[PDB]
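Please read the structure below before turning to the comments.
Positions of Cβ are backbone-derived with ideal geometry, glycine not excepted, and every protein chain shown enters the neighbour counts. Derivation of every value follows stated rules applied to the coordinates shown; laboratory data play no part.
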Amino acid sequence: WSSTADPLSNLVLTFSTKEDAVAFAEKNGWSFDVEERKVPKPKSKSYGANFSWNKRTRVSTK
Amino acid sequence: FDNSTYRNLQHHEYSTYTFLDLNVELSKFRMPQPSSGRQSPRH
């Protein structure tokens, strides 16, 4: 079996905002690394572009 | 005047390449095709 000696190997905490997480870690005395939230960028979609008269976007199949 | 005869017998003498032969014949009167500016959508 898989053995461990780490008592915190399973602990996961959930926070509303990064500030709450940072405050919790600071008051508990843990060194922390924060990563900014990554969101998908807004993309311009257009169905008609699939059938461009002169553009490269035209689909070869559908 | 007569309406007792179905004249339409041209098709009986139509062969396998008749449509394409007519297309080749008609290729002469055609106006120049337009162009998108590419050789292909993948060019």
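Residue check: is B:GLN39 within 14 Å of chain A (Cβ to nearest Cβ), closer than 27 Å to A:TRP53 by Cα, of a type outside the set (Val, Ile, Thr) and within 19 Å of the chain's Cα centre (by Cα)? It is false that B:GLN39 is within 14 Å of chain A (Cβ to nearest Cβ), closer than 27 Å to A:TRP53 by Cα, of a type outside the set (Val, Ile, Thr) and within 19 Å of the chain's Cα centre (by Cα). Restricting to segment A:22-41, what's the tally of residues that are among the acidic types (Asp, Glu) and surrounded by 10 or more Cβ atoms within 10 Å (Cβ to Cβ)? Number of matching residues: 1. Taking the conditions exactly as written (under 17 Å from the mean Cα position of the chain (by Cα) and either within 14 Å of chain B (Cβ to nearest Cβ) or assigned to a loop (DSSP other than H, G, I, E, B) (or both)), does A:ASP6 satisfy them or not? Considered against the rule, which asks whether it is under 17 Å from the mean Cα position of the chain (by Cα) and either within 14 Å of chain B (Cβ to nearest Cβ) or assigned to a loop (DSSP other than H, G, I, E, B) (or both), A:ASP6 comes out as no. I'd like to check something: does segment B:25-34 contain any residue that is in a loop (DSSP other than H, G, I, E, B), loosely packed, with under 10 Cβ neighbours inside 10 Å, within 14 Å of another protein chain (Cβ to nearest Cβ) and out of contact with any strand residue (DSSP E or B) (no Cβ under 8 Å at 6 or more places or on another chain)? Yes, because at least one residue in segment B:25-34 is in a loop (DSSP other than H, G, I, E, B), loosely packed, with under 10 Cβ neighbours inside 10 Å, within 14 Å of another protein chain (Cβ to nearest Cβ) and out of contact with any strand residue (DSSP E or B) (no Cβ under 8 Å at 6 or more places or on another chain). Just one residue in the set B:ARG38, B:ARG7 is assigned to a loop (DSSP other than H, G, I, E, B) and within 30 Å of A:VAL59 (Cβ to Cβ); that residue is B:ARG38.
From the residues in segment A:11-62 that are outside any loop (DSSP other than H, G, I, E, B) and within 30 Å of B:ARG38 (Cβ to Cβ), which one is farthest from the other protein chains (Cβ to nearest Cβ)? Lay out the reasoning, then the answer.
Taking segment A:11-62 and keeping what is outside any loop (DSSP other than H, G, I, E, B), we get A:18-28, A:47-51.
Add one more test, that the residue is within 30 Å of B:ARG38 (Cβ to Cβ), and what stays is A:47-51.
Values: A:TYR47: 17, A:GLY48: 15, A:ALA49: 12, A:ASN50: 11, A:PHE51: 10 Å.
The extreme case among them is A:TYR47.
The number of residues in segment B:10-24 that are in a loop (DSSP other than H, G, I, E, B) and either within 28 Å of A:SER60 (Cα to Cα) or among the β-branched types (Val, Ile, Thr) (or both) comes to 1. Quick check on segment B:4-17. Is at least one of its residues under 16 Å from the mean Cα position of the chain (by Cα) and closer than 30 Å to A:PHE51 by Cα? No, because not a single residue in segment B:4-17 is under 16 Å from the mean Cα position of the chain (by Cα) and closer than 30 Å to A:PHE51 by Cα.
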